[PDB]
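start16.txt (compact mmCIF, C-alpha atoms and all ligand atoms) appears below.
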# COMPACT_ATOMS: atom_id res chain seq x y z
CA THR A 28 68.73 45.35 -61.94
CA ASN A 29 71.79 45.05 -59.73
CA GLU A 30 70.66 45.51 -56.12
CA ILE A 31 70.43 48.58 -53.95
CA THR A 32 71.85 47.71 -50.58
CA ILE A 33 70.23 49.03 -47.40
CA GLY A 34 71.68 48.33 -43.97
CA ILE A 35 69.36 48.80 -41.00
CA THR A 36 70.38 48.73 -37.34
CA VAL A 37 67.42 48.83 -34.93
CA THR A 38 66.76 47.73 -31.40
CA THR A 39 64.92 44.40 -31.27
CA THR A 40 66.27 43.09 -27.87
CA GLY A 41 66.45 44.70 -24.40
CA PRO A 42 64.04 47.33 -23.05
CA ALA A 43 64.15 49.55 -26.22
CA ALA A 44 62.66 46.63 -28.14
CA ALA A 45 59.29 48.41 -27.76
CA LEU A 46 60.58 50.97 -30.27
CA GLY A 47 62.72 48.83 -32.60
CA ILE A 48 60.42 45.82 -32.99
CA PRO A 49 57.71 47.88 -34.73
CA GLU A 50 60.27 49.52 -37.03
CA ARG A 51 61.58 46.13 -38.08
CA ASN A 52 58.01 44.69 -38.42
CA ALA A 53 56.97 47.54 -40.72
CA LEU A 54 59.61 46.50 -43.27
CA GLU A 55 57.12 43.80 -44.36
CA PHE A 56 55.04 46.66 -45.89
CA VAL A 57 57.67 48.65 -47.80
CA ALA A 58 58.78 48.45 -51.45
CA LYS A 59 61.06 45.45 -52.25
CA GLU A 60 62.40 47.00 -55.43
CA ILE A 61 62.74 50.52 -56.76
CA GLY A 62 63.08 51.58 -60.38
CA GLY A 63 63.80 48.05 -61.58
CA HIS A 64 66.44 47.30 -58.93
CA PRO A 65 65.82 44.85 -56.02
CA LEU A 66 66.38 46.17 -52.52
CA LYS A 67 68.73 44.02 -50.50
CA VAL A 68 67.78 44.96 -46.93
CA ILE A 69 70.06 43.72 -44.20
CA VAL A 70 68.68 44.11 -40.68
CA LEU A 71 70.72 43.80 -37.48
CA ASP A 72 69.79 44.23 -33.86
CA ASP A 73 71.99 46.60 -31.77
CA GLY A 74 70.31 46.07 -28.35
CA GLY A 75 70.06 49.91 -28.18
CA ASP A 76 73.78 49.90 -27.42
CA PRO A 77 75.91 52.62 -29.14
CA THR A 78 78.93 50.29 -29.52
CA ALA A 79 76.87 47.50 -31.14
CA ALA A 80 75.18 50.04 -33.52
CA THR A 81 78.65 51.46 -34.44
CA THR A 82 79.77 47.89 -35.23
CA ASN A 83 76.70 47.24 -37.41
CA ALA A 84 77.05 50.61 -39.30
CA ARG A 85 80.78 49.99 -39.83
CA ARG A 86 80.18 46.57 -41.36
CA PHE A 87 77.30 47.90 -43.50
CA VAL A 88 79.42 50.68 -44.98
CA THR A 89 82.65 48.64 -45.53
CA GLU A 90 81.63 44.93 -45.84
CA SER A 91 78.07 45.20 -47.20
CA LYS A 92 79.00 48.29 -49.35
CA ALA A 93 75.61 49.75 -48.34
CA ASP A 94 74.12 52.52 -50.51
CA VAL A 95 72.00 53.75 -47.52
CA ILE A 96 71.97 53.00 -43.85
CA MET A 97 69.15 53.41 -41.33
CA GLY A 98 68.82 53.42 -37.59
CA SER A 99 68.79 53.22 -34.69
CA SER A 100 65.65 53.05 -32.52
CA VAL A 101 66.75 55.36 -29.61
CA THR A 102 68.91 58.51 -29.61
CA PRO A 103 72.34 57.30 -28.29
CA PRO A 104 72.92 54.51 -30.86
CA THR A 105 71.43 56.82 -33.51
CA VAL A 106 74.13 59.40 -32.80
CA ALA A 107 76.70 56.58 -33.15
CA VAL A 108 75.25 55.53 -36.53
CA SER A 109 75.31 59.15 -37.72
CA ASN A 110 79.00 59.46 -36.78
CA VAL A 111 79.85 56.30 -38.83
CA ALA A 112 77.80 57.54 -41.81
CA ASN A 113 79.45 60.98 -41.87
CA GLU A 114 82.94 59.51 -41.66
CA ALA A 115 82.31 56.78 -44.32
CA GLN A 116 80.31 59.16 -46.54
CA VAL A 117 77.10 57.13 -46.80
CA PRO A 118 73.43 58.48 -46.67
CA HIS A 119 71.91 57.78 -43.28
CA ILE A 120 68.22 57.90 -42.44
CA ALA A 121 67.86 58.13 -38.66
CA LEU A 122 64.93 56.20 -37.10
CA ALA A 123 65.11 58.02 -33.77
CA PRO A 124 65.67 61.76 -32.96
CA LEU A 125 69.20 63.08 -32.79
CA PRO A 126 71.21 66.25 -32.22
CA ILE A 127 72.36 67.56 -35.58
CA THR A 128 75.82 69.10 -35.42
CA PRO A 129 78.05 70.07 -38.37
CA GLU A 130 79.73 66.68 -37.88
CA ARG A 131 76.38 64.94 -38.63
CA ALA A 132 74.44 67.24 -41.02
CA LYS A 133 76.04 66.38 -44.27
CA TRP A 134 75.20 62.66 -44.45
CA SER A 135 72.27 62.24 -41.98
CA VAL A 136 68.56 63.07 -42.21
CA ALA A 137 66.00 62.04 -39.54
CA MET A 138 62.46 60.65 -39.82
CA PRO A 139 61.11 61.39 -36.29
CA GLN A 140 59.77 64.89 -35.60
CA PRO A 141 62.40 67.33 -34.30
CA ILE A 142 62.08 68.07 -30.60
CA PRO A 143 61.19 71.76 -30.99
CA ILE A 144 58.13 71.02 -33.19
CA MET A 145 56.88 68.56 -30.57
CA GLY A 146 57.76 70.84 -27.66
CA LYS A 147 55.90 73.79 -29.24
CA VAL A 148 52.58 71.95 -29.32
CA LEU A 149 52.99 70.90 -25.66
CA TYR A 150 53.96 74.35 -24.37
CA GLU A 151 51.17 76.06 -26.31
CA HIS A 152 48.78 73.69 -24.59
CA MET A 153 50.32 74.54 -21.17
CA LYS A 154 49.91 78.27 -21.89
CA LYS A 155 46.27 77.71 -22.92
CA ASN A 156 45.39 75.62 -19.88
CA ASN A 157 46.63 77.76 -17.01
CA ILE A 158 50.15 76.28 -16.51
CA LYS A 159 52.79 78.73 -15.16
CA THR A 160 55.36 76.47 -13.48
CA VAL A 161 56.79 73.31 -14.98
CA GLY A 162 59.00 70.53 -13.62
CA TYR A 163 61.02 68.06 -15.72
CA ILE A 164 62.03 64.45 -15.43
CA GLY A 165 63.94 62.76 -18.26
CA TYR A 166 66.86 60.60 -19.19
CA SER A 167 70.42 61.52 -18.15
CA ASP A 168 71.42 61.33 -21.85
CA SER A 169 71.24 63.13 -25.23
CA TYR A 170 67.41 62.61 -25.67
CA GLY A 171 66.87 63.89 -22.08
CA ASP A 172 68.97 66.95 -22.83
CA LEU A 173 67.23 67.72 -26.19
CA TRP A 174 63.95 67.88 -24.35
CA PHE A 175 65.13 69.78 -21.29
CA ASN A 176 67.01 72.37 -23.45
CA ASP A 177 63.90 72.86 -25.58
CA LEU A 178 61.73 73.23 -22.53
CA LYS A 179 64.10 75.87 -21.17
CA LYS A 180 64.54 77.74 -24.43
CA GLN A 181 60.99 77.69 -25.94
CA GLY A 182 59.17 77.51 -22.61
CA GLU A 183 60.92 80.48 -21.06
CA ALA A 184 60.43 82.48 -24.25
CA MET A 185 56.68 81.80 -23.79
CA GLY A 186 56.74 82.89 -20.10
CA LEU A 187 56.71 79.45 -18.51
CA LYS A 188 58.81 79.02 -15.33
CA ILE A 189 60.95 75.89 -15.00
CA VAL A 190 61.07 75.13 -11.32
CA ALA A 191 62.63 71.65 -11.04
CA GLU A 192 64.81 69.39 -13.19
CA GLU A 193 65.35 65.67 -12.45
CA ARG A 194 67.09 62.95 -14.42
CA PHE A 195 67.06 59.18 -14.50
CA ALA A 196 69.02 56.54 -16.40
CA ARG A 197 67.31 54.34 -19.01
CA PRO A 198 67.51 51.02 -17.10
CA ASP A 199 66.34 52.52 -13.72
CA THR A 200 63.36 50.63 -12.43
CA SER A 201 62.68 53.23 -9.74
CA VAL A 202 62.47 57.03 -9.77
CA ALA A 203 61.43 57.38 -6.11
CA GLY A 204 64.04 60.03 -5.24
CA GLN A 205 63.27 62.20 -8.27
CA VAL A 206 59.49 61.91 -7.81
CA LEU A 207 59.99 62.89 -4.16
CA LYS A 208 61.61 66.26 -5.23
CA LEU A 209 59.09 66.93 -8.00
CA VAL A 210 56.11 66.31 -5.66
CA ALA A 211 57.79 68.64 -3.11
CA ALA A 212 58.19 71.46 -5.66
CA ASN A 213 54.63 70.79 -6.87
CA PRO A 214 54.86 72.50 -10.37
CA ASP A 215 51.53 73.07 -12.27
CA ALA A 216 52.72 70.50 -14.86
CA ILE A 217 55.59 68.01 -15.31
CA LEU A 218 57.16 67.20 -18.71
CA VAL A 219 58.47 63.64 -18.85
CA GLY A 220 61.40 63.32 -21.29
CA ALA A 221 61.50 59.54 -21.87
CA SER A 222 60.30 56.83 -24.30
CA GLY A 223 58.62 53.37 -24.57
CA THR A 224 58.47 51.42 -21.32
CA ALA A 225 60.59 53.92 -19.41
CA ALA A 226 58.07 56.69 -20.22
CA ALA A 227 55.35 54.94 -18.12
CA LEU A 228 57.63 54.81 -15.01
CA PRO A 229 57.51 58.47 -14.09
CA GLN A 230 53.78 58.44 -15.11
CA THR A 231 52.86 55.71 -12.53
CA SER A 232 55.33 56.80 -9.88
CA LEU A 233 54.00 60.37 -10.00
CA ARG A 234 50.34 59.37 -9.63
CA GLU A 235 51.00 56.79 -6.91
CA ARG A 236 52.75 59.62 -4.91
CA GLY A 237 49.69 61.86 -5.35
CA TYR A 238 50.94 64.41 -7.89
CA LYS A 239 47.89 66.21 -9.23
CA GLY A 240 49.23 68.44 -11.96
CA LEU A 241 49.05 67.80 -15.65
CA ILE A 242 51.60 65.32 -16.94
CA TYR A 243 53.03 65.80 -20.49
CA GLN A 244 54.81 63.10 -22.53
CA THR A 245 56.96 63.16 -25.70
CA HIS A 246 56.47 61.36 -28.99
CA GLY A 247 58.87 58.71 -27.69
CA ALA A 248 55.91 57.46 -25.67
CA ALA A 249 53.43 57.11 -28.62
CA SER A 250 52.45 53.42 -28.74
CA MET A 251 49.92 51.24 -26.99
CA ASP A 252 52.65 50.04 -24.64
CA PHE A 253 52.39 53.26 -22.58
CA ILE A 254 48.68 52.62 -21.86
CA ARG A 255 49.30 48.83 -21.29
CA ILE A 256 51.95 49.70 -18.65
CA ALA A 257 50.71 52.94 -17.12
CA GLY A 258 47.07 51.69 -16.85
CA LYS A 259 44.89 54.27 -15.08
CA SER A 260 47.88 56.63 -14.38
CA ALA A 261 47.86 57.27 -18.19
CA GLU A 262 44.41 58.96 -17.89
CA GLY A 263 44.41 62.51 -19.10
CA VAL A 264 48.10 62.65 -20.09
CA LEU A 265 48.90 65.05 -22.71
CA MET A 266 51.28 63.39 -25.43
CA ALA A 267 52.88 64.85 -28.57
CA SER A 268 52.61 62.48 -31.48
CA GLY A 269 53.08 62.05 -35.23
CA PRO A 270 49.76 62.10 -37.29
CA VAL A 271 50.17 58.41 -38.11
CA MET A 272 48.47 57.71 -34.75
CA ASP A 273 45.18 59.05 -36.29
CA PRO A 274 44.90 59.02 -40.09
CA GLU A 275 41.10 58.44 -39.76
CA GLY A 276 40.76 61.88 -38.13
CA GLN A 277 42.72 63.66 -40.91
CA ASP A 278 41.09 65.76 -43.61
CA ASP A 279 41.17 64.03 -47.00
CA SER A 280 43.37 66.94 -48.20
CA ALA A 281 46.21 65.84 -45.84
CA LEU A 282 49.09 64.35 -47.84
CA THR A 283 49.82 62.19 -44.77
CA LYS A 284 46.36 60.50 -44.74
CA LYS A 285 46.75 57.92 -47.54
CA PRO A 286 50.18 56.63 -46.49
CA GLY A 287 49.15 56.53 -42.83
CA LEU A 288 46.04 54.50 -43.78
CA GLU A 289 48.27 52.22 -45.99
CA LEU A 290 50.72 51.45 -43.18
CA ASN A 291 48.14 51.11 -40.43
CA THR A 292 45.72 48.85 -42.34
CA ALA A 293 48.58 46.42 -43.15
CA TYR A 294 50.25 46.68 -39.73
CA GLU A 295 47.05 46.30 -37.71
CA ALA A 296 45.62 43.50 -39.94
CA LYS A 297 48.76 41.53 -39.01
CA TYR A 298 49.39 42.62 -35.41
CA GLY A 299 45.92 43.37 -34.15
CA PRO A 300 43.60 46.22 -33.12
CA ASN A 301 45.35 49.45 -31.99
CA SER A 302 48.84 48.02 -32.77
CA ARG A 303 49.80 51.19 -34.74
CA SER A 304 52.66 53.25 -33.35
CA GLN A 305 54.80 56.30 -33.82
CA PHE A 306 57.72 53.96 -34.33
CA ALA A 307 56.52 51.62 -37.06
CA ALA A 308 55.91 54.70 -39.16
CA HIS A 309 59.62 55.82 -39.29
CA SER A 310 60.96 52.87 -41.22
CA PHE A 311 57.82 52.88 -43.44
CA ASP A 312 58.41 56.57 -44.20
CA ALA A 313 62.17 56.06 -44.75
CA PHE A 314 61.19 53.79 -47.69
CA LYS A 315 58.79 56.47 -49.00
CA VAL A 316 61.80 58.79 -48.99
CA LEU A 317 63.83 56.25 -50.85
CA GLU A 318 61.02 55.86 -53.44
CA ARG A 319 61.49 59.56 -54.29
CA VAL A 320 65.25 59.96 -54.08
CA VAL A 321 66.46 56.67 -55.60
CA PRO A 322 64.98 57.04 -59.13
CA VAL A 323 66.57 60.52 -59.15
CA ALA A 324 69.96 59.07 -58.09
CA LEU A 325 69.58 56.27 -60.68
CA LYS A 326 69.66 58.75 -63.55
CA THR A 327 73.36 59.55 -62.91
CA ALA A 328 74.87 56.68 -60.94
CA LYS A 329 74.93 52.96 -60.44
CA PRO A 330 74.09 51.20 -57.16
CA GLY A 331 77.24 50.21 -55.20
CA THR A 332 79.41 53.17 -56.11
CA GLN A 333 80.43 56.28 -54.17
CA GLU A 334 78.83 58.36 -56.93
CA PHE A 335 75.45 56.70 -56.07
CA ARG A 336 75.89 57.59 -52.37
CA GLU A 337 76.64 61.16 -53.43
CA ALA A 338 73.60 61.27 -55.81
CA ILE A 339 71.27 60.09 -53.02
CA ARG A 340 72.74 62.72 -50.72
CA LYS A 341 72.00 65.45 -53.28
CA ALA A 342 68.52 64.14 -54.10
CA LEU A 343 67.55 64.25 -50.42
CA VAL A 344 67.90 67.98 -50.72
CA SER A 345 66.61 68.47 -54.31
CA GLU A 346 63.40 66.41 -53.85
CA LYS A 347 60.71 68.52 -52.07
CA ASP A 348 57.36 67.72 -50.39
CA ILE A 349 57.90 64.01 -49.83
CA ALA A 350 54.56 62.71 -48.51
CA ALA A 351 54.75 60.05 -45.81
CA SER A 352 52.66 58.81 -42.87
CA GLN A 353 54.32 61.16 -40.30
CA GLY A 354 54.57 64.41 -42.32
CA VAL A 355 55.67 66.00 -45.60
CA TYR A 356 59.45 66.07 -45.87
CA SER A 357 61.52 68.84 -47.49
CA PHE A 358 65.11 68.38 -46.32
CA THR A 359 67.74 71.13 -46.78
CA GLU A 360 71.52 71.50 -46.26
CA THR A 361 70.70 72.88 -42.81
CA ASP A 362 67.32 71.34 -41.93
CA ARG A 363 67.92 67.61 -41.63
CA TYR A 364 64.35 66.87 -40.43
CA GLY A 365 62.51 68.74 -43.18
CA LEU A 366 59.22 68.86 -41.19
CA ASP A 367 56.55 71.44 -40.28
CA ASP A 368 53.13 71.65 -38.43
CA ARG A 369 51.62 69.00 -40.69
CA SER A 370 53.86 66.47 -38.85
CA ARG A 371 52.39 66.58 -35.31
CA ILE A 372 49.17 66.19 -33.36
CA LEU A 373 48.40 66.16 -29.64
CA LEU A 374 46.89 63.10 -27.97
CA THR A 375 45.25 62.41 -24.64
CA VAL A 376 44.25 59.14 -23.05
CA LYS A 377 40.65 58.69 -22.01
CA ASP A 378 39.23 55.40 -20.78
CA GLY A 379 42.37 53.57 -21.97
CA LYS A 380 42.33 54.98 -25.52
CA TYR A 381 44.26 57.66 -27.34
CA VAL A 382 42.10 60.58 -28.40
CA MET A 383 43.32 63.38 -30.64
CA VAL A 384 43.01 66.71 -28.80
CA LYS A 385 44.81 68.93 -31.29
CA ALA A 386 44.97 68.23 -35.08
CA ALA A 387 47.97 68.65 -37.44
CA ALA A 388 48.09 71.80 -39.58
CA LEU A 389 45.84 71.59 -42.59
CA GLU A 390 47.49 71.22 -45.99
CA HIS A 391 45.91 74.47 -47.32
CA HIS A 392 46.73 76.60 -44.30
CA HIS A 393 50.08 78.15 -43.28
CA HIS A 394 52.76 75.88 -41.81
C1 LIG B 401 61.46 55.31 -32.70
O1 LIG B 401 60.82 56.61 -32.78
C2 LIG B 401 61.03 57.54 -31.78
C3 LIG B 401 61.89 57.21 -30.72
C4 LIG B 401 62.10 58.15 -29.72
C5 LIG B 401 63.04 57.71 -28.65
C6 LIG B 401 64.01 58.47 -28.15
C7 LIG B 401 64.95 57.90 -27.15
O2 LIG B 401 64.57 57.10 -26.24
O3 LIG B 401 66.17 58.18 -27.31
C8 LIG B 401 61.47 59.38 -29.77
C9 LIG B 401 60.62 59.72 -30.82
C10 LIG B 401 60.41 58.77 -31.81
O4 LIG B 401 59.61 59.08 -32.84

File written out as structure tokens:
Amino acid sequence: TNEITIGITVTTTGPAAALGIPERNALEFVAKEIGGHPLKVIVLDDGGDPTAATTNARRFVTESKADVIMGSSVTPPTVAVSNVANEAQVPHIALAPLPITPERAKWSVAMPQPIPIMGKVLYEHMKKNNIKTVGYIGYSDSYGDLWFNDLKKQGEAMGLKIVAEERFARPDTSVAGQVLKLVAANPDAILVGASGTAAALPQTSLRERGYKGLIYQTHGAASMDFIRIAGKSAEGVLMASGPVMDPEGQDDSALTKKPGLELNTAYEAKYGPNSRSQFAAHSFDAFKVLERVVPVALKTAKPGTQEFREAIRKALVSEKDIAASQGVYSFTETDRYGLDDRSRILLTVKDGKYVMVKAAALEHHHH
């Protein structure tokens, strides 16, 4: 019963607050002790800023002597947190997608779906609905590149033609010049590689300028905020999402159904109708991971030692089929996401509501 120390850096101020506030809110609904030991959870805002997240992670690993760290809410500070964790040798659970490199693989795993699983479900839909040419607009940063690179690699391997690439910066409040080019090229479909508030900006700008192709969005867009902001321009979007957005529609055999119901009932009872989100689920699921790996680490090591950090690291890879709201996690030395087809669905928006268009893979089918 000495504590297990968890440092979390998430984005609860600035425009990425749309992603970090739900992550931080969902901590009300996670375990407060594991295996006899209380969880000391220290939460700090980073504003989405890579330097502030580096500062928080640094102080967690050296001053707080954290056993685990988590964060951040968007890809650039998440990269920064991974770099701290892999230097300091501390288990890191990422709460936003990030490029895994050998520099980051040893000490980091990631809760959000990896870009290629999400891209696959979008591009298969494009192929099935008569799309040949695709344009892109996304952030001029590492998340923007993940998505563009996946669109080029997977999409071209499926016979899609990528006819236009545009970028914008996160704080931009206008994409007039990029929308101008995209409308000119008039692709059959446009993939928007963005998140939260910023994801609704190319959505509205494109419709206001009379684009009439299909618009596709990533799982960075999967909260009610996108509908609140995009209004009617949201209609008929196609959006990749984790299954936590619709546990009701899952088969009772889905290992993700129960925990998704658990999170959403609590979250929405507090925060209101349709307040569920892709993002709240990541911190909830991170604590489901901890519930599996910590009792295993506790057999051979005490909280607050390097040996405990090492034991968690190993357990992340020895413990298979970890059921959570967003998927069933089996991490490996080389797969730091640990996810398969059970971790994604496709949503549309119809009359201001998300509707599931394509279900996650069934438990008793191939993955
Ligand atoms: C918080 O959860 C998520 C965040 C993002 C945001 C990416 C970015 O803007 O860098 C994408 C997918 C997620 O599941």

Return the single residue from A:148, A:58, A:219, A:249 that is closest to ligand LIG 401 (chain B), with distances computed using all atoms listed in the file.
-> A:249

Site check for ligand LIG 401 (chain B): residues at most 8 Å away, all atoms listed in the file, as a VMD selection string = chain A and resid 43 46 to 47 50 99 to 103 122 to 125 138 to 140 169 to 171 221 to 223 245 to 249 268 to 269 305 to 307 309

Hey, which of A:301, A:359, A:277, A:28 ends up closest to residue 385 in chain A? Count all atoms listed in the file.
-> A:277

Show me a table, sorted first by chain and then by increasing residue number, of the residues of range 205-306 of chain A having an atom at most 9 Å from range 194-197 of chain A, each with its shortest atom pair and the distance in Å to one decimal, counting all atoms listed in the file and written as CSV.
residue,atom,partner,partner_atom,distance
A:205,CA,A:194,CA,7.3
A:220,CA,A:194,CA,8.9
A:221,CA,A:197,CA,8.3
A:225,CA,A:197,CA,6.7

Excluding range 317-324 of chain A and residues on its chain fewer than 6 positions from it, collect all residues at most 6 Å away from it, counting all atoms listed in the file, and give them as JSON, numbers by chain.
-> {"A": [62, 338, 339, 342]}

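Taking CA of residue 358 in chain A as the reference point, CA of residue 79 in chain A is found at 28.4 Å.
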
What does the distance between CA of residue 261 in chain A and CA of residue 288 in chain A come to in Å, to one decimal place?
-> 25.8 Å

Please write as a PyMOL selection string the list of polymer residues whose atoms come within 12 Å of (47.9, 67.8, -11.6), counting all atoms listed in the file and keeping to the coordinates of the file.
-> chain A and resi 153+156-158+160-162+209-210+213-218+230+233-234+236-243+260+262-265

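Atom to atom, CA of residue 93 in chain A and CA of residue 32 in chain A stand 4.8 Å apart.
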
Quick one: residues within 12 Å of (78.5, 58.9, -38.1) (file frame), counting all atoms listed in the file, please, as a ChimeraX atom specification.
-> /A:77,80-85,88,96-99,103-121,125-136

Which neighbours of residue 350 in chain A fall inside 9 Å, counting all atoms listed in the file, when residues of the same chain fewer than 5 positions from it are skipped, and could you give them as a ChimeraX atom specification?
-> /A:282-283,286,312,315-316,355-356

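Considering the residues A:35, A:202, A:384, A:296 and counting only C-alpha atoms, residue 86 in chain A has its shortest atom-to-atom contact with A:35.
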
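For the set A:349, A:31, A:164, A:69, the residue with the smallest atom-to-atom gap to residue 328 in chain A is A:31, counting all atoms listed in the file.
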
For residue 314 in chain A, the nearest of the candidates A:351, A:293, A:372, A:144, counting all atoms listed in the file = A:351

Using only C-alpha atoms, which of the listed residues (A:49, A:34, A:75, A:143) sits closest to residue 364 in chain A?
-> A:143
